[PDB]
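Let's start with one chain on its own, the form deposited in one PDB entry, as structure tokens.
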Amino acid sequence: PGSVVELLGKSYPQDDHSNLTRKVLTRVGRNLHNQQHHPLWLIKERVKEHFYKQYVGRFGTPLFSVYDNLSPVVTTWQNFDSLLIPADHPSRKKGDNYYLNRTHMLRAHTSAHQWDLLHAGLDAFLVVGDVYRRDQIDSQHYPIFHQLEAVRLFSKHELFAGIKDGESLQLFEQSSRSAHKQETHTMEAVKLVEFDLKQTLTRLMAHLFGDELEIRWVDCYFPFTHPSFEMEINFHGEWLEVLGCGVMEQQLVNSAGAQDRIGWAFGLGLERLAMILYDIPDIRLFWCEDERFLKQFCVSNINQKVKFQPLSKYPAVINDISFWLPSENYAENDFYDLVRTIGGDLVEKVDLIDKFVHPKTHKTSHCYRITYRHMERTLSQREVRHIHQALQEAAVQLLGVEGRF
């Protein structure tokens, strides 16, 4: 805790919202997506190449300008309001975000840059960068990850260029919103935009994975797009979501200054995509510096297919930790941050297995099961005991929990 936070050369006063941890701080600026030979950098480059090739290959395809070095520090307005996210939306909870204060935060998604880039007059761009979220702990979640945003605008004439009387067709109208379109969009326009969005993503996936992947489109919701979809890839017998997308909400596009255009946007999870593409078992591997892992991604050309050889999996050490939550003062993700700070990448996952209220005291008891497993070696019972004891004491000091164990 403190009164002022210094980050990337700037100073931010603290308030009731401030909840950034020093641990997260050490990762800001690391930019793995810009680190030559890093798997995330690799994905980013192969995605860029795909878009370049399509630009040079099809007259219709616009040139996408790429922004992969935008500061992750943004305003709540950039991250939330510009995207039409309601003031009472659960995605704004202090429990799920790293707020520097009430006005600034570490972006929770690359969509935080849509409005600004649109406002600058760009028709097609990609944003690649580290995003931050407070979440649970397991092999598929990390406080920091990366996304790649894409935005593509269409003018009326351009969208209907391939149709005879196309110029008599329109992008906008004044009807009602349905499951298939916004209230100011015509179905003619939406059908073409949606088709372009899905075809583009399908071609990008074919380029990255080959024409053998099994994908499916799932209808979903986002305040900033409509209709909206999630694309899922069937991997290891399970359908996994790898991206969100949809037709951009017109209110957003209009407020940025492009009131004469209609467009689509998407945001893909790079780690999610990389773990499927290279069969990487644990997200923590992206942050280790073990050459056994990293050396495998140093290719001659980004098109050199890397055959990822999984590292050995070492034994885990499991310990439980129980304590009484402070009298009406505590958050699950708060404990998760403390674990990331003390246990670092030694912890594989934390599971809240039990919770109950004591009648006499009125206090709530929480019991978490902590799985300790190092991605690079075998952990000794000894070093785990010490890390675990430090977690217990810290929990009592910072979280205000009462050691129940």
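Numbering starts at 1 and follows the sequence shown.
Take the C-alpha B-factors listed in the entry for 355 to 363 and for 335 to 343, compute each mean, and give the stretch with the larger one.
Result of the comparison: 355 to 363.
So, looking at the entry's B-factor column for Cα atoms, which has the higher mean, 282 to 290 or 102 to 110?
The entry gives the higher C-alpha B-factor average to 282 to 290.
Per the entry, which of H33, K53, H374, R46 tops the list for Cα B factor?
Most elevated C-alpha B-factor of the set, per the entry: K53.
In the PDB entry, which of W264, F323, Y142, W115 has its C-alpha at the highest B-factor?
Of the options given, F323 has the highest CA B-factor in the PDB entry.
Taking only the Cα B-factors deposited for this chain, tell me whether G162 sits in the lowest, middle or highest third.
Highest third of the chain for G162's C-alpha B-factor.
Looking at the entry's B-factor column for C-alpha atoms only, identify whether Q309 ranks in the lowest, middle or highest third of its chain.
Answer is highest: the recorded C-alpha B-factor places it there.
Could you tell me which third, lowest, middle or highest, the C-alpha B-factor of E232 occupies within its chain?
It belongs to the lowest third of the chain when residues are ordered by C-alpha B-factor.
Chain-wide C-alpha B factor ranking for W239, given as lowest, middle or highest third
Answer is lowest: the recorded C-alpha B-factor places it there.
CA B-factor ranking of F172, expressed as a third of its chain:
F172: CA B-factor falls in the middle third of its chain.
FYI, the form deposited in another entry isn't displayed, but the following is about it.
Of the options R177, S312, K360, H236, which one coincides with the hinge of the rigid rotation between the shown form and the other one?
Among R177, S312, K360, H236, only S312 lies at a hinge between the shown form and the other one.
Closer or farther: C-alpha pair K295/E348 in the other form, relative to this form, given a change of 3 Å or more:
Compared with this form, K295 and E348 lie closer in the other form.
Can you tell whether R340 sits closer to or farther from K295 in the other form than it does here, judged by CA atoms, where the change is 3 Å or more?
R340 and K295 sit closer together in the other form.
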